[PDB]
Amino acid sequence: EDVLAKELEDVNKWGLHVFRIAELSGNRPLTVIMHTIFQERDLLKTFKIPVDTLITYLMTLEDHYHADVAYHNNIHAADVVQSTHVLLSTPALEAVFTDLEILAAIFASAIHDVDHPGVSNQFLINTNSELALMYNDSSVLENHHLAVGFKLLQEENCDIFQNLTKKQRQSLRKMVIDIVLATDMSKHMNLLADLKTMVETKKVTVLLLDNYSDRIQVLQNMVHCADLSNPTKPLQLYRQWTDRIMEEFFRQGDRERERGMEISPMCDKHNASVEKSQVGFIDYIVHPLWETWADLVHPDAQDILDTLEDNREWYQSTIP
Amino acid sequence: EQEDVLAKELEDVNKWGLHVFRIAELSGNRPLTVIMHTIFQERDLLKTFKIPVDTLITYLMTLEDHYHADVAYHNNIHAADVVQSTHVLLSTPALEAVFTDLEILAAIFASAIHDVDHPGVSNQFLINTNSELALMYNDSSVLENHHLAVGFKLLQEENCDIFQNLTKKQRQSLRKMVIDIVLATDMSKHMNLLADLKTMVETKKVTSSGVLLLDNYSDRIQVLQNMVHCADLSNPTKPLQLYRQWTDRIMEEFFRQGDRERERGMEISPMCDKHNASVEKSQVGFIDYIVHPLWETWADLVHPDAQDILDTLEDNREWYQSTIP
Ligand SMILES: CCOc1cc2c(cc1OC)CN(C=O)CC2
Ligand SMILES: CCOc1cc2c(cc1OC)CN(C=O)CC2
Ligand SMILES: [Mg+2]
Ligand SMILES: [Mg+2]
Ligand SMILES: [Mg+2]
Ligand SMILES: [Zn+2]
Ligand SMILES: [Zn+2]
């Protein structure tokens with residue numbers, strides 16, 4: 001347990017040993033990392049959150065991530081939380097966001113994939129699932145993650161927001177919904193176009209963002225960057241994330257094949273190129289997003305962008 | 001004899017001003033079932049889509065049951081009225097041969113389901129009271145998402161799949177169109193929907209035949225969304241004896257919501273305080289700021305097809321205004 005404490009000293013660093021933390025904590029990385037971050041940011045004292053209520057909520061939330069899903073599980077949630085925590089400290093975003101906006105971004109990251117079944121929105125729609133029927137085919141998973149994350153606050157001794165005012169709770173809820181809905185990959189291109197527009201109109205002394213529309217767009221892109229941060233991490237971490245997403249994708253492909261469905265891109269284990277897929281995803285999605293983020297916060301994201309470019313070069317070199 | 005009178009009244013299904021409340025009584029509180037059945041026969045939809053008649057009746061009766069008989073306005077009579085009003089608007093000369101049979105089916109089905117399982121309180125009430133519905137739907141078009149989910153889920157009940165003989169591509173296209181239409185009935189979308197309809201009117205293209213030219217999905221679905229929204233907001237355009245009954249019903253529903261807000265220590269929603277209400281000023285305001293701007297624009301889109309409807313709306317506005325001084 002002293003090993004676990006030593007690993008958590010890196011909580012402010014990109015490249016935290018999140019898999020080691022998952023093992024050392026008895027598969028409770030979300031709980032221990034969220035607790036650590038709330039302490040580092042003084043969020044329990046600021047929002048009068050009882051520590052026992054926080055721990056109880058976090059353990060319940062963590063229990064609703066599926067242990068048999070290779071990628072979209074509590075380790076991914078913990079990684080997105082910790083990554084958002086680092087991005088919130090970008091010098092170019094210094095004191096841009098209120099304590100309530102910080103709480104919203106962190107809470108949104110923690111719940112943003114809760115109860116994920118390990119299959120995509122398109123799979124849920126095409127199989128006429130109960131989830132797609134409930135949500136009218138529109139951000140099916142993301143609406144469900146939000147609903148579960150909020151519903152769990154109603155469990156016994158789980159209301160971590162009990163001492164927020166009515167106004168603060170309504171504002172936080174709206175921001176969390178706006179952030180988690182923006183994690184739907186079908187919204188990526190629109191989010192990126194809006195981030196590009198903001199970079200072009202960037203006002204700086206350090207970023208100056210006067211209206212809520214611009215600030216929520218930054219928080220949306222921030223959590224989206226954290227969600228898409230695997231290729232920007234040290235290679236030993238990134239390769240583990242690649243193994244996990246490919247296992248989850250191949251299992252979806254096995255279900256599609258057993259049902260006689262058309263197999264989704266990257267999901268056909270008999271016809272996959274793991275490495276070409278990573279290079280393509282960096283080239284078309286991850287690098288355009290992170291290059292734009294780096295422009296917004298220049299030069300604070302340079303080391304992250306450097307790692308992403310090194311990792312892209314390495315994956316390309318594994319292709320004969 | 002009661003069935004004879006019902007059949008006579010259903011002969012008016014192509015007319016604005018159908019005696020929908022009489023039909024509700026004569027049909028044994030099955031206005032949505034009998035009006036939908038009549039419209040499907042009138043448009044030959046059972047034959048076109050190979051819909052078994054017993055499946056249609058079974059679905060319609062189950063759908064109608066899922067409207068709340070104890071809600072004064074948002075009940076099966078309102079659904080039947082919106083269905084029949086959409087059916088009349090679809091027949092307007094400016095739209096002849098514009099929409100496919102599948103698009104017609106989508107608009108009519110959307111109208112039938114568009115308020116199903118409505119609890120008689122607003123989205124804002126459901127959000128402010130931390131309701132299970134608002135928790136499920138993340139405060140976003142709460143009611144309208146629920147109406148769609150119920151209307152589609154009921155197709156899965158025994159002998160209820162009225163779309164069983166559509167192709168897969170037809171079912172997929174119909175589902176998307178119905179979702180787009182019902183979500184556009186959320187009043188929080190009204191201003192943007194109207195702004196877009198005005199832009200279409202200002203740029204509208206007509207064919208050699210004189211009908212509206214709609215050559216992409218975005219324009220086609222926008223017309224159908226505004227058509228069903230106009231039907232949903234059509235009460236002040238109806239003959240006055242129908243309009244006044246609708247006003248009595250919405251006020252009962254509003255006042256019951258306001259009583260719940262007052263008991264909870266909440267600010268009472270506009271028009272919901274029975275101790276500080278002006279029913280007549282509220283109707284004039286409704287017309288001037290919502291219903292007439294919308295219907296004047298729809299009338300411009302289909303000009304001059306909707307002139308008599310617009311004239312009735314203006315006469316009814318004058319009537320309510322005259323009761324104020
Ligand atoms: C190393 C991780 O690689 C990936 C992660 C994810 C995707 C694609 C990836 O690579 C092709 C697509 N997603 C959902 O569909 C989000 C997660
Ligand atoms: C004669 C009917 O009058 C009305 C009907 C409705 C509203 C307002 C009305 O008048 C002020 C507002 N709505 C929902 O909140 C839709 C239904
Ligand atoms: Mg997700
Ligand atoms: Mg009922
Ligand atoms: Mg409605
Ligand atoms: Zn995620
Ligand atoms: Zn309605």
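Ligands are counted one by one from 1 in listed order, and the atoms in each one are counted from 1 as well. Note on naming: letters A, B, ... go to the chains in the order of the sequence lines (proteins, then strands), and numbering restarts at 1 for each one. Atoms considered below: every heavy atom in the structure, side chains included; atoms not considered: hydrogens, waters and symmetry mates.
With a 4.0 Å heavy-atom cut-off, ligand 1 is reached by the side chain of A:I245 but not by its N, CA, C or O. Here A:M185 has no heavy atoms under 4.0 Å from ligand 1, in either its backbone or its side chain. Here A:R244 has no heavy atoms under 4.0 Å from ligand 1, in either its backbone or its side chain.
The residue from A:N230, A:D243, A:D113 that alone fulfils the side chain to side chain donor-acceptor pair (under 3.5 Å) condition with A:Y71 is A:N230.
Close approach of ligand 1 to A:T242 is summarised as follows: ligand atoms under 4.0 Å from at least one heavy atom of the residue are 1 (C). Every atom of ligand 1 with a heavy atom of A:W241 under 4.0 Å away is listed here by number and element: 1 (C). Here is the list of ligand 1 atoms found below 4.0 Å of a heavy atom in A:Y238: 1 (C). Atoms of ligand 1 lying under 4.0 Å from at least one heavy atom of A:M266, given by number and element, are 11 (C).
Side-chain N/O atoms of A:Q252 and A:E256 include a donor and acceptor closer than 3.5 Å. A:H64 and A:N74 share no donor-acceptor pair across their side chains, judged by distance under 3.5 Å alone. Side-chain contact annotation: B:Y243 with B:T312, donor-acceptor N/O pair under 3.5 Å absent. Residues B:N138 and A:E142 have side chains that never bring a donor and an acceptor to within less than 3.5 angstrom of each other.
Shortest distance from the Mg ion (ligand 4) to B:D65 is reached at O (N/O/S atoms only). Of all N, O or S atoms in B:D232, the one lying closest to the Zn ion (ligand 7) is OD1. Of all the N, O or S atoms in B:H78, the one closest to the Zn ion (ligand 7) is NE2. Taking the Zn ion (ligand 7) as reference, B:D115 places its N/O/S atom OD2 nearest.
Residue B:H114 counts as close to the Zn ion (ligand 7), with an N, O or S atom under 2.8 Å. Taking backbone and side-chain atoms together, B:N76 has no N/O/S atom less than 2.8 Å away from the Mg ion (ligand 4).
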Requested in this report: Please test B:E64 against B:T33 for side chain to side chain donor-acceptor pair (under 3.5 Å), starting from the C-alpha separation and ending with a verdict.
Outcome: CA-CA 7 Å; B:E64 190 151 25; B:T33 295; 2.8 Å; yes
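Taking the six-membered ring for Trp, B:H114 and B:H78 have ring centres closer than 6.0 Å. A distance below 6.0 Å separates the ring centres of B:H147 and B:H118.
Remark: minimum distance from atom 3 (O) of ligand 1 to any protein heavy atom is reached at A:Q278 NE2, 3.3 Å. At the top of the distance list for atom 16 (C) of ligand 1, counting protein heavy atoms only, stands A:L228 CD2, 4.4 Å.
Protein heavy atoms are absent from the space less than 4.0 angstrom from atom 13 (N) of ligand 1.
In the displayed structure, A:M134 atom CE is contacted under 6.0 Å by at most 12 heavy atoms of other residues, nucleotides or ligands. In this structure, A:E313 places its CD atom where only 12 or fewer heavy-atom neighbours from other residues, nucleotides or ligands lie under 6.0 Å away. Taking a 6.0 Å sphere around CD of B:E158, one finds it holds 12 or fewer heavy atoms contributed by other residues, nucleotides or ligands.
Between A:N230 and ligand 1, no N or O atom pair is found at a separation short of 3.5 Å.
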